[PDB]
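One structure below.
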Amino acid sequence: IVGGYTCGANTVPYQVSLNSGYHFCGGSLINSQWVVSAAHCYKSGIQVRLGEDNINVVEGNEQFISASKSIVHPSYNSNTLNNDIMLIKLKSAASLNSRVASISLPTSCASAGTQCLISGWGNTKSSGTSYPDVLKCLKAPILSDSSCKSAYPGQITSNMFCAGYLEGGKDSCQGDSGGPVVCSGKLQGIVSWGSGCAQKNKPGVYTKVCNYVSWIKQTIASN
Ligand SMILES: [Ca+2]
C-alpha cells in the first residue's frame, strides 16, 4: 500500500497473509474454513496466516493453518487477469474471535463514489521498494467504469473495477495482491493489478467480487 497508514494491530480481522515460507499475497477470510484471494496468487504449499499484524514477529493472536485445497476460478485467464479470483480451504477451521473474523460477501454490487478500505503488506513506495512488517491501510473510492476504461484502454472487463485516485500517490501495490477491498462491511474487491503503483492516471484495478457470489457459495457448499 502506497500513501496509506498503519492500520493498527488486528483492526482488519478478515485480512490474511498467504505464506509459502514468506508472505506473498493477501486474502480475506469469508467463513471459518475458507479464504478468498486472487487467482494470480495460486501456488501449492500455502499456509494461511490469520490474526497477523507484524508478519515477522509472533505477537500472540496468530493462527497458522495449512491449505487443504485451492480452487482457481473456472474461467481465470492469466494473460488478461479476467476472473482473477480463487478460493482456499483450510485444513482445520479457524477459531473465530474479535481479531480473527470473517467478512460478509456483498448482496449487490457497489457504486462508483463508494468509499472502501484496502489493506495489505505490499510495497509502500511507488518508485522504489520498501516492504512493511505491519499491516497498512488505504481509504479509497470506487471510480466510474467510464474513467476506469479510459485509464486502461482495451483492458477492463465487466469483472473488474478501478478504485483510488487519478492524481497518483495512493494505491495498492505488489504484495497486496489477493487482499481485500471492503465497502460498508462487504467484500467488494480483490487487489488484482495496475500500471506500476500510485501512478497518475493509473488507478488500481480490482476483481469485482459481487459477480462471483453465486460461484463462491455453491463452491463452498460442495467442497
Ligand atoms: Ca505476527
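Numbering starts fresh at 1 for the residues of each chain in the C-alpha cells, the chains themselves are lettered A, B, ... in the order given, and ligands are numbered from 1 as they appear.
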Problem set entry | Test item: residues lying within 12 Å of ligand 1 with only C-alpha atoms and all ligand atoms, as a PyMOL selection string | chain A and resi 9-10+16-17+19+23+49-64+121+133-135
Problem set entry | All strand (DSSP E or B) positions in range 55-94 of chain A, as JSON, numbers by chain | {"A": [63, 64, 65, 66, 67, 68, 69, 70, 71, 72, 77, 82, 86, 87, 88, 89, 90]}
For this session: Just the residues within 12 Å of residue 113 in chain A, please, counting only C-alpha atoms, with nothing from its chain fewer than 5 positions along; format it as a ChimeraX atom specification.
Result: /A:139-145,147,161-165,183
For this session: Identify, on the basis of only C-alpha atoms, every residue whose closest approach to range 66-80 of chain A does not exceed 12 Å; exclude the query and any residue fewer than 4 positions from it along the same chain; express the result as an NGL selection string.
Result: :A and (17-21 or 33-50 or 84-94 or 154-157 or 159-160 or 192-194 or 205 or 207 or 209 or 211-213 or 215-216 or 219-220 or 223)
For this session: Please provide as number ranges by chain all residues within 6 Å of residue 177 in chain A, with the sequence filter that same-chain residues fewer than 3 positions apart are discarded (counting only C-alpha atoms).
Result: A: 25-26, 191-192
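Distance check against residue 116 in chain A using only C-alpha atoms: of A:218, A:184, A:201, A:195, the minimum falls on A:184.
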Identify, on the basis of only C-alpha atoms, every residue whose closest approach to residue 151 in chain A does not exceed 9 Å; exclude the query and any residue fewer than 3 positions from it along the same chain; express the result as an mmCIF file with N, CA and C atoms, in the first residue's frame.
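Wrote it out as part.cif, contents follow:
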```cif
data_model
loop_
_atom_site.group_PDB
_atom_site.id
_atom_site.type_symbol
_atom_site.label_atom_id
_atom_site.label_comp_id
_atom_site.auth_asym_id
_atom_site.auth_seq_id
_atom_site.Cartn_x
_atom_site.Cartn_y
_atom_site.Cartn_z
ATOM 1 N N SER A 146 -16.492 4.261 -16.662
ATOM 2 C CA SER A 146 -16.003 5.003 -17.810
ATOM 3 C C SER A 146 -14.573 5.567 -17.535
ATOM 4 N N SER A 147 -14.312 6.087 -16.336
ATOM 5 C CA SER A 147 -12.976 6.559 -16.061
ATOM 6 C C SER A 147 -11.966 5.393 -16.000
ATOM 7 N N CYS A 148 -12.411 4.249 -15.504
ATOM 8 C CA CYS A 148 -11.570 3.072 -15.431
ATOM 9 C C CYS A 148 -11.166 2.610 -16.844
ATOM 10 N N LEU A 166 -6.962 9.313 -9.282
ATOM 11 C CA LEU A 166 -6.283 9.599 -10.561
ATOM 12 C C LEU A 166 -5.096 10.511 -10.463
ATOM 13 N N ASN A 201 -3.099 8.821 -13.292
ATOM 14 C CA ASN A 201 -3.966 8.307 -14.325
ATOM 15 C C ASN A 201 -4.009 6.794 -14.436
ATOM 16 N N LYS A 202 -3.461 6.062 -13.452
ATOM 17 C CA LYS A 202 -3.311 4.616 -13.379
ATOM 18 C C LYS A 202 -3.776 4.036 -12.029
ATOM 19 N N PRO A 203 -5.113 4.071 -11.872
ATOM 20 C CA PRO A 203 -5.596 3.640 -10.579
ATOM 21 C C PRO A 203 -5.479 2.122 -10.440
#
```
For this session: Choose the residue, out of A:8, A:96, A:110, A:2, that has the smallest atom-to-atom separation from residue 204 in chain A; count only C-alpha atoms.
Result: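 Among the listed residues, the smallest separation from residue 204 in chain A belongs to A:2.
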Seminar exercise, completed: From the list A:28, A:102, A:123, A:150, the nearest residue to residue 196 in chain A using only C-alpha atoms is A:123
For this session: Write out as a list in words all residues of range 2-197 of chain A that backbone DSSP assigns to alpha helix (DSSP H).
Result: residues 145, 146, 147, 148, 149, 150 and 151 of chain A
